[PDB]
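Data from protein_8.csv: CSV, C-alpha atoms
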```
chain,number,residue,atom,x,y,z
F,283,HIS,CA,-101.3,-131.5,-10.5
F,284,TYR,CA,-103.5,-132.3,-7.5
F,285,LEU,CA,-107.3,-131.7,-7.6
F,286,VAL,CA,-109.9,-132.6,-5.0
F,287,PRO,CA,-111.7,-135.8,-6.0
F,288,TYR,CA,-115.5,-135.1,-6.0
F,289,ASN,CA,-115.8,-138.1,-3.6
F,290,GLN,CA,-113.6,-136.6,-1.0
F,291,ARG,CA,-115.0,-133.1,-0.9
F,292,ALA,CA,-116.5,-133.5,2.6
F,293,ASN,CA,-113.3,-135.4,3.7
F,294,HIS,CA,-111.6,-133.4,6.5
F,295,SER,CA,-108.3,-135.2,6.3
F,296,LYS,CA,-107.2,-134.6,2.7
F,297,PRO,CA,-103.7,-133.1,2.1
F,298,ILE,CA,-102.7,-129.5,1.5
F,299,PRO,CA,-102.4,-128.9,-2.2
F,300,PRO,CA,-98.7,-128.9,-3.2
F,301,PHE,CA,-98.8,-125.4,-4.6
F,302,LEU,CA,-99.8,-124.1,-1.2
F,303,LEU,CA,-97.3,-126.1,0.9
F,304,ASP,CA,-94.7,-123.3,0.3
F,305,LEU,CA,-96.0,-119.7,0.2
F,306,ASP,CA,-92.6,-118.5,-1.0
F,307,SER,CA,-93.2,-116.4,-4.2
F,308,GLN,CA,-89.5,-116.5,-5.2
F,309,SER,CA,-89.6,-120.1,-6.6
F,310,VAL,CA,-92.9,-120.4,-8.6
F,311,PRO,CA,-92.9,-119.9,-12.4
F,312,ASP,CA,-93.8,-116.4,-13.7
F,313,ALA,CA,-96.8,-118.1,-15.3
F,314,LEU,CA,-98.2,-119.3,-12.0
F,315,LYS,CA,-97.9,-116.0,-10.1
F,316,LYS,CA,-98.7,-112.3,-10.2
F,317,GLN,CA,-96.4,-110.1,-8.2
F,318,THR,CA,-96.4,-106.3,-7.5
F,319,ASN,CA,-94.6,-104.4,-4.8
F,320,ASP,CA,-97.9,-104.5,-2.7
F,321,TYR,CA,-99.0,-108.1,-3.0
F,322,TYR,CA,-98.6,-111.4,-4.9
F,323,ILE,CA,-100.9,-114.1,-6.0
F,324,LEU,CA,-100.3,-117.8,-6.4
F,325,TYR,CA,-102.5,-119.6,-8.9
F,326,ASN,CA,-103.5,-123.3,-8.7
F,327,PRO,CA,-101.4,-125.0,-11.4
F,328,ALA,CA,-104.1,-127.6,-12.1
F,329,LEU,CA,-106.8,-125.2,-13.2
F,330,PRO,CA,-107.2,-122.5,-16.0
F,331,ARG,CA,-106.0,-119.2,-14.5
F,332,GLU,CA,-109.2,-117.2,-14.9
F,333,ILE,CA,-109.7,-114.5,-12.2
F,334,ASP,CA,-107.5,-111.4,-11.9
F,335,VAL,CA,-107.2,-109.6,-8.6
F,336,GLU,CA,-106.1,-106.0,-8.1
F,337,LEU,CA,-105.5,-103.6,-5.2
F,338,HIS,CA,-108.0,-100.7,-5.4
F,339,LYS,CA,-107.2,-98.8,-2.1
F,340,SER,CA,-104.9,-99.3,0.9
F,341,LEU,CA,-106.2,-97.6,4.1
F,342,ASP,CA,-103.8,-96.8,6.9
F,343,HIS,CA,-105.0,-97.3,10.5
F,344,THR,CA,-103.0,-96.6,13.6
F,345,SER,CA,-103.8,-100.0,15.2
F,346,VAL,CA,-104.9,-103.6,14.1
F,347,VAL,CA,-108.0,-103.6,11.9
F,348,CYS,CA,-110.4,-106.0,13.7
F,349,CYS,CA,-113.2,-105.8,11.2
F,350,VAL,CA,-114.4,-104.6,7.9
F,351,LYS,CA,-117.9,-104.5,6.4
F,352,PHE,CA,-119.6,-103.1,3.4
F,353,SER,CA,-122.9,-101.2,3.5
F,354,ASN,CA,-125.8,-103.1,2.0
F,355,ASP,CA,-125.6,-101.1,-1.3
F,356,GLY,CA,-121.9,-101.7,-1.5
F,357,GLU,CA,-121.1,-97.9,-1.6
F,358,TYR,CA,-119.4,-97.8,1.8
F,359,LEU,CA,-116.9,-99.6,3.9
F,360,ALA,CA,-116.7,-99.4,7.7
F,361,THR,CA,-113.6,-100.5,9.6
F,362,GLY,CA,-113.1,-100.9,13.3
F,363,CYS,CA,-109.8,-100.7,15.1
F,364,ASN,CA,-108.6,-99.4,18.5
F,365,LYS,CA,-111.0,-96.8,19.9
F,366,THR,CA,-112.2,-95.4,16.5
F,367,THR,CA,-114.6,-96.7,13.8
F,368,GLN,CA,-114.4,-95.3,10.3
F,369,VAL,CA,-116.5,-95.0,7.2
F,370,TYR,CA,-114.9,-94.9,3.7
F,371,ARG,CA,-116.4,-94.2,0.2
F,372,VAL,CA,-115.5,-97.3,-1.8
F,373,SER,CA,-115.3,-95.8,-5.2
F,374,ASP,CA,-112.4,-93.5,-4.4
F,375,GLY,CA,-111.5,-94.7,-0.9
F,376,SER,CA,-112.1,-91.3,0.7
F,377,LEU,CA,-112.7,-90.9,4.4
F,378,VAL,CA,-116.3,-90.0,5.1
F,379,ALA,CA,-116.2,-90.1,8.9
F,380,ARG,CA,-114.2,-91.2,11.8
F,381,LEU,CA,-116.3,-91.9,14.9
F,382,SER,CA,-115.0,-91.9,18.4
F,383,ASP,CA,-116.9,-91.8,21.7
F,441,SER,CA,-107.9,-97.2,31.4
F,442,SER,CA,-106.7,-97.0,27.8
F,443,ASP,CA,-107.1,-99.1,24.6
F,444,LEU,CA,-110.7,-100.1,23.8
F,445,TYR,CA,-111.0,-102.0,20.5
F,446,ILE,CA,-114.1,-102.0,18.3
F,447,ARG,CA,-114.4,-105.7,17.6
F,448,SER,CA,-117.3,-105.6,15.3
F,449,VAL,CA,-119.2,-103.2,13.0
F,450,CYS,CA,-122.3,-103.5,10.9
F,451,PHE,CA,-124.4,-101.1,8.8
F,452,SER,CA,-128.1,-101.1,9.2
F,453,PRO,CA,-129.9,-102.2,6.0
F,454,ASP,CA,-130.7,-98.7,4.8
F,455,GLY,CA,-127.1,-97.5,5.4
F,456,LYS,CA,-128.0,-94.7,7.8
F,457,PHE,CA,-126.8,-96.3,11.0
F,458,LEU,CA,-123.7,-98.1,12.1
F,459,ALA,CA,-123.6,-100.5,15.0
F,460,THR,CA,-120.4,-101.1,16.9
F,461,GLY,CA,-119.4,-103.7,19.5
F,462,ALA,CA,-116.5,-102.8,21.8
F,463,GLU,CA,-114.5,-104.2,24.7
F,464,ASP,CA,-116.3,-102.0,27.2
F,465,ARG,CA,-119.2,-104.4,26.7
F,466,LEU,CA,-121.3,-101.8,25.0
F,467,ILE,CA,-123.1,-101.8,21.7
F,468,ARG,CA,-123.3,-98.3,20.2
F,469,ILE,CA,-125.6,-97.3,17.3
F,470,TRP,CA,-124.2,-94.4,15.3
F,471,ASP,CA,-126.2,-92.0,13.1
F,472,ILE,CA,-123.5,-91.6,10.4
F,473,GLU,CA,-124.9,-88.5,8.8
F,474,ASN,CA,-125.0,-86.6,12.1
F,475,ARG,CA,-122.0,-88.4,13.6
F,476,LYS,CA,-123.8,-88.9,16.9
F,477,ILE,CA,-124.7,-92.0,19.1
F,478,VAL,CA,-128.4,-92.5,19.0
F,479,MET,CA,-128.6,-95.6,21.2
F,480,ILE,CA,-126.5,-97.6,23.6
F,481,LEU,CA,-127.3,-101.3,24.3
F,482,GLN,CA,-126.1,-102.6,27.7
F,483,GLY,CA,-126.3,-106.0,29.1
F,484,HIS,CA,-123.4,-108.1,27.9
F,485,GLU,CA,-120.8,-109.2,30.5
F,486,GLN,CA,-117.7,-109.6,28.3
F,487,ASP,CA,-116.3,-108.4,25.0
F,488,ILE,CA,-118.7,-108.2,22.1
F,489,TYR,CA,-117.1,-110.2,19.2
F,490,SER,CA,-119.8,-110.0,16.6
F,491,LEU,CA,-123.0,-108.1,15.5
F,492,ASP,CA,-125.4,-108.4,12.6
F,493,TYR,CA,-128.6,-106.6,11.7
F,494,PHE,CA,-131.9,-108.4,10.9
F,495,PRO,CA,-133.0,-107.5,7.3
F,496,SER,CA,-136.0,-105.6,8.7
F,497,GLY,CA,-133.7,-103.1,10.4
F,498,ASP,CA,-135.5,-103.1,13.8
F,499,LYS,CA,-133.5,-105.9,15.5
F,500,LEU,CA,-129.9,-106.7,16.1
F,501,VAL,CA,-128.1,-109.8,17.1
F,502,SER,CA,-124.8,-109.9,19.1
F,503,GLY,CA,-122.3,-112.5,20.2
F,504,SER,CA,-120.1,-112.3,23.3
F,505,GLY,CA,-117.4,-113.9,25.3
F,506,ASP,CA,-120.0,-114.0,28.1
F,507,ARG,CA,-121.4,-117.1,26.4
F,508,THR,CA,-124.6,-115.5,25.1
F,509,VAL,CA,-126.2,-114.5,21.8
F,510,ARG,CA,-128.7,-111.7,22.3
F,511,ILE,CA,-131.4,-110.2,20.1
F,512,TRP,CA,-132.1,-106.6,20.6
F,513,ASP,CA,-135.3,-104.7,19.8
F,514,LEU,CA,-134.1,-101.4,18.3
F,515,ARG,CA,-137.6,-100.0,18.5
F,516,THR,CA,-137.6,-100.4,22.3
F,517,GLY,CA,-133.9,-100.4,22.9
F,518,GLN,CA,-134.2,-103.5,25.0
F,519,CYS,CA,-132.8,-107.0,24.9
F,520,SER,CA,-135.7,-109.2,23.6
F,521,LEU,CA,-134.0,-112.6,23.9
F,522,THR,CA,-131.0,-114.2,25.5
F,523,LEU,CA,-129.6,-117.5,24.3
F,524,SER,CA,-127.0,-119.1,26.6
F,525,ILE,CA,-124.5,-121.7,25.6
F,526,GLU,CA,-121.5,-123.4,27.3
F,527,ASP,CA,-118.6,-121.5,25.8
F,528,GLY,CA,-117.8,-118.1,24.3
F,529,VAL,CA,-119.5,-116.9,21.1
F,530,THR,CA,-117.1,-115.6,18.5
F,531,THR,CA,-119.4,-114.9,15.5
F,532,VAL,CA,-123.1,-114.5,14.7
F,533,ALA,CA,-125.1,-114.3,11.4
F,534,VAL,CA,-128.6,-113.6,10.4
F,535,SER,CA,-130.1,-115.6,7.5
F,536,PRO,CA,-130.8,-113.4,4.4
F,537,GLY,CA,-134.2,-112.3,3.3
F,538,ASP,CA,-136.6,-112.8,6.2
F,539,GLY,CA,-134.0,-113.4,8.9
F,540,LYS,CA,-135.8,-116.5,10.1
F,541,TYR,CA,-132.6,-118.1,11.4
F,542,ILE,CA,-129.6,-117.1,13.4
F,543,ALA,CA,-126.3,-118.9,13.4
F,544,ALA,CA,-123.4,-118.6,15.9
F,545,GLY,CA,-119.9,-120.1,15.9
F,546,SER,CA,-118.5,-121.0,19.2
F,547,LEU,CA,-115.2,-121.7,21.0
F,548,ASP,CA,-116.6,-125.2,21.7
F,549,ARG,CA,-116.1,-126.2,18.0
F,550,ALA,CA,-119.8,-126.1,17.1
F,551,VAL,CA,-122.0,-124.1,14.9
F,552,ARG,CA,-125.6,-123.6,16.2
F,553,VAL,CA,-128.7,-122.4,14.3
F,554,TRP,CA,-131.8,-121.0,16.1
F,555,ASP,CA,-135.2,-120.1,14.9
F,556,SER,CA,-135.1,-116.4,15.5
F,557,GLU,CA,-138.7,-115.9,16.7
F,558,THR,CA,-138.8,-118.8,19.2
F,559,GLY,CA,-135.2,-119.1,20.3
F,560,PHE,CA,-135.4,-122.9,19.7
F,561,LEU,CA,-132.2,-124.5,18.6
F,562,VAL,CA,-132.9,-126.0,15.2
F,563,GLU,CA,-129.5,-127.4,14.3
F,564,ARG,CA,-126.2,-128.1,16.0
F,565,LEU,CA,-123.2,-128.9,13.8
F,566,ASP,CA,-120.3,-130.5,15.7
F,573,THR,CA,-116.8,-134.0,9.8
F,574,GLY,CA,-117.1,-131.4,12.6
F,575,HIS,CA,-114.4,-128.8,13.3
F,576,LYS,CA,-111.5,-129.9,15.4
F,577,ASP,CA,-110.9,-126.5,17.1
F,578,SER,CA,-112.8,-123.3,17.8
F,579,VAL,CA,-115.0,-121.7,15.2
F,580,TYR,CA,-114.2,-118.0,14.5
F,581,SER,CA,-116.5,-117.1,11.6
F,582,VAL,CA,-119.8,-118.1,10.1
F,583,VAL,CA,-122.1,-116.6,7.4
F,584,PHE,CA,-125.1,-117.9,5.6
F,585,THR,CA,-124.8,-118.5,1.8
F,586,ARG,CA,-126.8,-115.8,0.0
F,587,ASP,CA,-129.5,-118.3,-0.9
F,588,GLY,CA,-130.0,-118.9,2.8
F,589,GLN,CA,-129.7,-122.6,2.4
F,590,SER,CA,-126.3,-123.2,3.9
F,591,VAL,CA,-123.8,-122.1,6.5
F,592,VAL,CA,-120.0,-121.6,5.9
F,593,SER,CA,-117.7,-121.8,8.9
F,594,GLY,CA,-114.1,-120.9,9.4
F,595,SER,CA,-112.0,-122.5,12.2
F,596,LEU,CA,-108.7,-122.5,14.0
F,597,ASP,CA,-108.4,-126.1,12.9
F,598,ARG,CA,-107.3,-124.5,9.6
F,599,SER,CA,-110.4,-125.5,7.6
F,600,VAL,CA,-113.4,-123.9,6.2
F,601,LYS,CA,-116.7,-125.9,6.0
F,602,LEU,CA,-119.9,-125.8,3.9
F,603,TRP,CA,-122.9,-127.1,5.8
F,604,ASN,CA,-126.2,-128.0,4.2
F,605,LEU,CA,-129.1,-127.2,6.5
F,621,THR,CA,-124.5,-132.2,7.5
F,622,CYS,CA,-121.0,-131.2,6.1
F,623,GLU,CA,-120.9,-131.1,2.3
F,624,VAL,CA,-117.4,-129.7,1.8
F,625,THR,CA,-114.3,-129.2,3.9
F,626,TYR,CA,-111.9,-126.8,2.1
F,627,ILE,CA,-108.3,-127.7,2.9
F,628,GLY,CA,-105.4,-125.3,2.1
F,629,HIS,CA,-104.7,-122.8,4.8
F,630,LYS,CA,-101.5,-123.3,6.8
F,631,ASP,CA,-102.7,-121.6,9.9
F,632,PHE,CA,-105.9,-120.4,11.7
F,633,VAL,CA,-108.8,-119.5,9.5
F,634,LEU,CA,-110.3,-116.3,11.0
F,635,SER,CA,-112.9,-115.0,8.5
F,636,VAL,CA,-115.1,-116.3,5.7
F,637,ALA,CA,-117.5,-114.7,3.2
F,638,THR,CA,-119.1,-115.7,0.0
F,639,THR,CA,-119.3,-113.8,-3.3
F,640,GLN,CA,-122.6,-113.1,-5.2
F,641,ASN,CA,-124.5,-116.2,-6.4
F,642,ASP,CA,-122.2,-118.1,-3.9
F,643,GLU,CA,-119.9,-119.1,-6.8
F,644,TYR,CA,-116.8,-118.5,-4.6
F,645,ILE,CA,-115.9,-118.7,-0.9
F,646,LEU,CA,-113.2,-116.3,0.4
F,647,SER,CA,-111.3,-117.0,3.6
F,648,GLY,CA,-108.8,-114.9,5.5
F,649,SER,CA,-106.1,-116.6,7.7
F,650,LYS,CA,-103.4,-116.0,10.2
F,651,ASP,CA,-101.2,-117.3,7.4
F,652,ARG,CA,-101.6,-113.8,6.0
F,653,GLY,CA,-103.4,-115.0,2.9
F,654,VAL,CA,-106.8,-114.9,1.5
F,655,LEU,CA,-107.9,-118.0,-0.4
F,656,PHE,CA,-110.6,-118.1,-3.2
F,657,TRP,CA,-112.4,-121.4,-3.3
F,658,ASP,CA,-114.6,-122.8,-5.9
F,659,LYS,CA,-117.6,-123.5,-3.6
F,660,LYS,CA,-118.8,-126.6,-5.4
F,661,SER,CA,-115.6,-128.6,-5.9
F,662,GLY,CA,-113.7,-127.4,-2.9
F,663,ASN,CA,-110.6,-126.6,-5.0
F,664,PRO,CA,-108.6,-123.6,-4.0
F,665,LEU,CA,-108.4,-121.3,-7.1
F,666,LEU,CA,-105.7,-118.8,-5.9
F,667,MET,CA,-104.0,-117.5,-2.8
F,668,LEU,CA,-103.7,-113.7,-2.3
F,669,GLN,CA,-100.8,-112.6,-0.1
F,670,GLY,CA,-101.6,-108.9,0.4
F,671,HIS,CA,-100.8,-108.2,4.0
F,672,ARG,CA,-97.7,-108.5,6.3
F,673,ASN,CA,-99.7,-110.0,9.1
F,674,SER,CA,-102.9,-112.0,9.9
F,675,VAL,CA,-106.0,-111.4,7.7
F,676,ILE,CA,-108.5,-110.9,10.6
F,677,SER,CA,-111.6,-110.0,8.6
F,678,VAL,CA,-112.8,-110.5,5.1
F,679,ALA,CA,-116.0,-108.8,3.6
F,680,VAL,CA,-117.6,-109.0,0.2
F,681,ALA,CA,-119.6,-106.2,-1.4
F,682,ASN,CA,-123.0,-106.3,-2.9
F,683,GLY,CA,-123.8,-104.2,-6.0
F,684,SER,CA,-120.9,-102.9,-8.1
F,685,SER,CA,-119.5,-99.5,-7.0
F,686,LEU,CA,-116.5,-99.9,-9.3
F,687,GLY,CA,-118.4,-100.7,-12.4
F,688,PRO,CA,-120.3,-103.8,-13.7
F,689,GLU,CA,-117.0,-105.4,-14.6
F,690,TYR,CA,-115.8,-105.7,-11.1
F,691,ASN,CA,-116.5,-107.5,-7.9
F,692,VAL,CA,-115.3,-105.9,-4.7
F,693,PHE,CA,-114.1,-107.4,-1.4
F,694,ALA,CA,-112.1,-106.1,1.5
F,695,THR,CA,-109.6,-107.3,4.1
F,696,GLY,CA,-108.7,-106.0,7.6
F,697,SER,CA,-105.3,-107.0,8.9
F,698,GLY,CA,-103.1,-107.1,11.9
F,699,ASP,CA,-100.6,-105.2,9.8
F,700,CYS,CA,-102.9,-102.1,10.5
F,701,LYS,CA,-104.1,-101.8,6.9
F,702,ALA,CA,-107.6,-102.3,5.4
F,703,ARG,CA,-107.5,-102.9,1.7
F,704,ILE,CA,-110.2,-102.8,-0.9
F,705,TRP,CA,-109.7,-105.3,-3.8
F,706,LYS,CA,-111.4,-105.6,-7.1
F,707,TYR,CA,-111.4,-108.9,-9.2
F,708,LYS,CA,-112.7,-110.0,-12.6
F,709,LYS,CA,-112.8,-112.9,-15.0
F,710,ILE,CA,-110.1,-113.0,-17.7
```
For this file, produce the structure as structure tokens.
Amino acid sequence: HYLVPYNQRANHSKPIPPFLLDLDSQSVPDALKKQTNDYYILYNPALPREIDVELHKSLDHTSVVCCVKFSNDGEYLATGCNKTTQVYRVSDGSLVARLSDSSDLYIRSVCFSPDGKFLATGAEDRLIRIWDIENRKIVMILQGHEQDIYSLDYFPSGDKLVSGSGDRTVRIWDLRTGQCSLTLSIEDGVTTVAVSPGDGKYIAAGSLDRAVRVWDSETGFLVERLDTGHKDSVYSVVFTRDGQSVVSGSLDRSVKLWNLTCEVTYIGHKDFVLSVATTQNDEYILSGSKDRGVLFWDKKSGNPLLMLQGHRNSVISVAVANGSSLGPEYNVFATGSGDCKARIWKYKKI
């Protein structure tokens, strides 16, 4: 059974592992797959089936779920869809709040403030709204973008926010003064932004032009430009939790690990890669794709460990939780799909 040679990890042109060439679950041995009425998992036949994945809660939405994100403490999940943004209690999946301010205005991105009291949302009306969750009221509106806001992320300090837009800019907002402190302009649309963990010294942005850019957040100077580069638009980027690398997902169907140079190109998805995230300690990389699956990757070797098929349409967003709201024996992650459902999953080592 195929395995990625340690010498070809960075190699962009390796083949799709045979066990992923056909996502059909009605042909693989009962020993290489886990099936339930709600989802099925395909395991890599070349490795020891370790990890078990289970569905914790399935949350109905009346429109495509564009984004999912956990609060810093891992106790809450916020989803964004058409017109409404919602907050759910992770432990029991209960609805804590549904926030709502031409027809059809999708909430493209959501993000909790570090202390979990506020929720920032980016919509197609070009506005960024900051919601006081407790009192269900908008406490600040950030205006300035000239196109849809595709991504938002808070600085660890909680007094600044970064946004990415189709207007080709990345903006840093001062939440103390409610003003735009800095505007970075590039050549094409910005699809995703991320703040480095800890001090928030760096900001990364994925772009329609196939590149990933990293700026020094205080000066606005471009420190790195990665473009082994992707062959199509980048749709998602996050920093590894150690703040040393960047992980990017692209429409070219690959995920890439960049050392702040491309160390690993994970090959396996059969369609657009739309979202990436890393688990604690960065042991695994999770990717959501238009192929309706979520792949778990061993970060170091680049080998795909298992494919989770738990949606009837594109996995648009993937988020991983910190802490352990479901017990010390579980790790939690969530998916937002075009099938109008947001699911909370729990996984463990067997």
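All residues of protein, DNA or RNA that reach within 8 Å of residue F:452, judged by all atoms listed in the file and not counting those fewer than 6 positions away in the chain, are residues 353, 354, 458, 459, 493 and 497 of chain F.
Here atom CA of residue F:472 is placed at a distance of 13.1 Å from atom CA of residue F:383.
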Extract, using all atoms listed in the file, all DNA, RNA and protein residues at most 9 Å from residue F:586, discarding same-chain residues fewer than 3 positions from it, and format them as a ChimeraX atom specification. /F:535-537,583,589-590,638-642
Contacts of residue F:477 at 10 Å or less, counting all atoms listed in the file, minus same-chain residues fewer than 2 places along, as a VMD selection string? chain F and resid 381 to 383 457 to 459 468 to 472 474 to 475 479 to 480
Using only C-alpha atoms and a cutoff of 10 Å, can you tell me which residues are near (-110.4, -131.3, -9.3) in the file's coordinates, and write them out as a ChimeraX atom specification? /F:283-288,291,328-329,661-664
List as a ChimeraX atom specification: which residues have an atom within 8 Å of (-122.7, -114.9, 26.9), counting only C-alpha atoms? /F:484-486,503-509,523-525,527-529
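Minimum atom-to-atom distances from F:709, F:315, F:630, F:598 to residue F:578 were compared using only C-alpha atoms, and the lowest value belongs to F:598.
The space between atom CA of residue F:539 and atom CA of residue F:355 spans 18.1 Å.
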Which residues are close to residue F:460, i.e. within 8 Å by only C-alpha atoms, leaving aside same-chain residues fewer than 5 positions away? Reply as a list in words. residues 367, 446, 447, 448, 449, 450, 467, 468, 469, 470 and 491 of chain F
With C-alpha atoms retained, export the selected residues as a PDB file, in the coordinates of the input.
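Dumped to selection-v2.pdb:
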```pdb
ATOM      1  CA  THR F 367    -114.600 -96.700  13.800  1.00  0.00           C
ATOM      2  CA  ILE F 446    -114.100-102.000  18.300  1.00  0.00           C
ATOM      3  CA  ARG F 447    -114.400-105.700  17.600  1.00  0.00           C
ATOM      4  CA  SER F 448    -117.300-105.600  15.300  1.00  0.00           C
ATOM      5  CA  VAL F 449    -119.200-103.200  13.000  1.00  0.00           C
ATOM      6  CA  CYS F 450    -122.300-103.500  10.900  1.00  0.00           C
ATOM      7  CA  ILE F 467    -123.100-101.800  21.700  1.00  0.00           C
ATOM      8  CA  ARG F 468    -123.300 -98.300  20.200  1.00  0.00           C
ATOM      9  CA  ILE F 469    -125.600 -97.300  17.300  1.00  0.00           C
ATOM     10  CA  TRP F 470    -124.200 -94.400  15.300  1.00  0.00           C
ATOM     11  CA  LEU F 491    -123.000-108.100  15.500  1.00  0.00           C
TER      12      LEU F 491
END
```
Who sits within 8 Å of residue F:659, all atoms listed in the file, same chain under 6 positions skipped, as a short mmCIF file (atom, residue, chain, number, x, y, z; two decimals) with C-alpha atoms, in the frame of the given file:
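What follows is the written file around_28.cif:
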```
data_model
loop_
_atom_site.label_atom_id
_atom_site.label_comp_id
_atom_site.auth_asym_id
_atom_site.auth_seq_id
_atom_site.Cartn_x
_atom_site.Cartn_y
_atom_site.Cartn_z
CA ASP F 642 -122.20 -118.10 -3.90
CA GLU F 643 -119.90 -119.10 -6.80
CA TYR F 644 -116.80 -118.50 -4.60
CA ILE F 645 -115.90 -118.70 -0.90
#
```
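For the pair atom CA of residue F:490 and atom CA of residue F:580, the interatomic distance is 10.0 Å.
Nearest to residue F:300 of all the residues F:531, F:326, F:366, F:682 is F:326, counting only C-alpha atoms.
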May I ask which of the residues F:538, F:517, F:594, F:665 is the closest one to residue F:551, counting all atoms listed in the file? F:594
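Nearest-residue note for residue F:482: choosing from F:512, F:322, F:560, F:494, the minimum distance belongs to F:512, counting all atoms listed in the file.
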Which residue, F:550, F:633, F:646, F:686, has the smallest gap to residue F:667 when you use all atoms listed in the file? F:646
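Distances to residue F:352 were evaluated for F:674, F:695, F:573, F:647 using only C-alpha atoms, and the minimum falls at F:695.
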